[PDB]
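One structure is given here, and the rest of the page talks about it.
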Amino acid sequence: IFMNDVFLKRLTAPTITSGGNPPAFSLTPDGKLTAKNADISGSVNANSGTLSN
Amino acid sequence: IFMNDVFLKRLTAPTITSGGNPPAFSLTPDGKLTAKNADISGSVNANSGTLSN
Amino acid sequence: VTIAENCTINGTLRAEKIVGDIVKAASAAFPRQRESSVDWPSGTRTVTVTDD
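Chains as they are written, first to last, in the deposited numbering: chain Z, 923 to 975; chain F, 923 to 975; chain J, 976 to 1027.
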């Protein structure tokens, strides 16, 4: 199904992709969030972290 | 296209918004993830970080 | 947290244990044995360093 912009109430999708060779952002059923940058206005509560700087 | 609760298998959308001026969360075609809080049960593997506290 | 490169805190760092290249230091005075009005050092001091 190919569509233009769409407005929704609640979506239930296991795989979400930005489209592309190496998608800019992706979400997979194994809980993975892949992105290029993450701007969060509040708190990031994580069990582990691995940052270069 | 306006839809109610819709179930899905795989989505390919380059722009996802929670709707609203000041959108609560958003994923843009450049990979930017904007949110208010992020709870992760595993690892945040980032190339850099900038946290106030 | 595992940081593979520089980490820069611009405020106050409150850490319990530091395992960096800081100095550790301990110090004591020998026990003094005395009679009448004069004392002299005589005794043992034991310094333990843990391999942590």
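All C-beta atoms in this analysis are idealised placements derived from N, C-alpha and C, irrespective of residue type, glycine included.
Between F/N959 and Z/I962, the C-beta gap is smaller than 8 Å, which places the two residues in contact.
Less than 8 Å divides the Cβ of F/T956 from the Cβ of F/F947. Taking a contact as a CB-CB distance under 8 Å, the pair J/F1005 and J/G986 does not count as one, their CB atoms being some 43 Å apart.
Spatial neighbours of F/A968 in its own chain (CB-CB distance under 8 Å, excluding positions within 5 residues in sequence) are not present.
Chain-ordered, the chain Z residues with CB closer than 9 Å to the CB of J/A979 read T972, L973, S974, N975. Taking the CA atoms as reference points, J/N981 sits about 49 Å from F/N926. Apart from sequence neighbours up to five positions away, the residues of its chain that approach J/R1009 with a beta-carbon distance below 8 Å are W1015, ordered along the chain. In the structure shown, J/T1019 falls within a coil segment according to DSSP collapsed to helix, strand and coil. If you look at J/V976, you'll find it isn't in any beta strand (DSSP E); DSSP assigns it neither H nor E. Among the CB atoms of chain F, one or more fall inside 8 Å of the CB of Z/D961.
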